[PDB]
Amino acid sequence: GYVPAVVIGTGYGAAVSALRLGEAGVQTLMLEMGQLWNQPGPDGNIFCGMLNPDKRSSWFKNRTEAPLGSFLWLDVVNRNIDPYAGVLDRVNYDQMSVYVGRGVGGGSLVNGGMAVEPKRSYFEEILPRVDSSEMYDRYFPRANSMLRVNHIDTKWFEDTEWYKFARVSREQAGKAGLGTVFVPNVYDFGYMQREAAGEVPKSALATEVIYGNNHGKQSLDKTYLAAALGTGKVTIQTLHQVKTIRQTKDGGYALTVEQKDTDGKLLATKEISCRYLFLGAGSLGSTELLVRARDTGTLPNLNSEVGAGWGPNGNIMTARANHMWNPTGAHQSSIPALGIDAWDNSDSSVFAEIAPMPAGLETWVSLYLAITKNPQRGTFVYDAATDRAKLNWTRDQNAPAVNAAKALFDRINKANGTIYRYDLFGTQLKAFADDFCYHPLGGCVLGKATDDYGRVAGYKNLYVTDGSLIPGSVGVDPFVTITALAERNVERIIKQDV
């Protein structure tokens, strides 16, 4: 039925939006297509780990997959599974696979927790219509506080076997003149210490992250969404996927919403209507809803910019083979702590996460997730035949990202006399994974598909809140930027529209 505000999804944009709506007294319903992850499974844990994947690992696939970079060591643990409403969805497009979370909390359930503010001068370049002073003065600090960002104890970091992998890359990078930075996180680093001491159940130190963390990680269900529920004005319905959006004849918006079980069986189709409609379905999900609505004629006044301007945050994965005297360790925390910041806003810019690997024995490999500045963009194009958005991105559009990553890591290899690994990303020789994305950005870009606060052009009381707003790149891990921009946007929307 009717409810004043509906929020589609429960990731970062959605969670911020719902909390502030509820605090403003607006009764709000959040619709999430995945599960509320709170039921102990067959091992007594909510989530499966990376060395024991099961159906919970995967959104409707029939076989588990190894985390990218890890196939050579983790294919042995893969198994056939029944298609199930699991937590991590590998979404396959023509020449790009985008990985997204599915559940109450969205990507916050599956991500590495890295909570980083973009460089102000880069923010100013990518979003020149946005007042950067309020972002840096007000909204970024608010986001970091609410998200419960915290910082690793450097003495513990320096001492612990669980971060040897990070220290090895730091030393190697330093021989090339390259520096590292500590990366703040939403994973409780005090908890992580006690894990190493054998004092509390392990999660990051038990090879968990990408299928969820049973402990330690402050995903959005614990932070913004808990607070939203606490207002008394917000509820969350799960296993509810919004399919269509239209503008009702008498005002407001109406949604068709499918309710499924965890096996994917359709239980019901419901119409839900509202006064205020907020899209927080992610870069992929929000954009799909809007291209569908435009091209099927249910939101005919959407503009041509809906679908445009997508990029993978310049994501490239690569790996180096260490010398035999530089082992990375059998025990690697699943939460990154250091990055290589070689980001100067030029086209050679790279911000690289020093990524753990989950094998649990010594491999001598250093793994990196590079974030680059690549101007190429893709477009989501509605396919009416299959009722799907398709992402028009081709692999050659990642050549600038590969080139930037390669130039940086070539400097490190030259300084150390090391070589790449070529075998971590399939049988063909391939040192740079260039057809995945963890950080999808764009599709409904701020100021192009929307006004400067995410109001969808052509419509009143229709808002986009999430990664689809970002113009393809932020130069850092994106969730803090999504969160801060959503804080800015919803405040203003409530003040002027609600």
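Numbers for residues come from their place in the sequence shown, where the first is 1.
Look up the CA B-factors in the entry and say which stretch, 285 to 293 or 398 to 406, has the higher mean.
According to the PDB entry, the answer is 398 to 406.
Which has the higher mean CA temperature factor in the PDB entry, 298 to 306 or 355 to 363?
So the stretch with the higher mean C-alpha B-factor is 355 to 363.
Which one, 221, 75, 258, 208, has the peak C-alpha temperature factor per the PDB entry?
Comparing C-alpha B-factors across 221, 75, 258, 208, the maximum falls on 75.
Quiz for you: based on the deposited Cα B-factor, which of 216, 103, 112, 327 is highest?
Across 216, 103, 112, 327, the entry lists the biggest C-alpha B-factor for 327.
Would the CA B-factor of residue 433 place it in the lowest, middle or highest third of its chain?
It falls in the middle third of the chain.
Could you tell me which third, lowest, middle or highest, the C-alpha B-factor of residue 98 occupies within its chain?
Within its chain, residue 98 is a lowest-third residue by C-alpha B-factor, going by the deposited values.
Would you mind ranking residue 187 by its C-alpha B-factor against the rest of the chain and naming the third, lowest, middle or highest?
Lowest third of the chain for residue 187's C-alpha B-factor.
With respect to C-alpha B-factor, does residue 411 fall in the lowest, middle or highest third of the chain as deposited?
Highest third - that is where residue 411 ends up once the chain's C-alpha B-factors are sorted.
Within this chain's modelled residues, let me know which third the CA B factor of residue 494 belongs to: lowest, middle or highest.
Its C-alpha B-factor belongs to the middle third of this chain's values.
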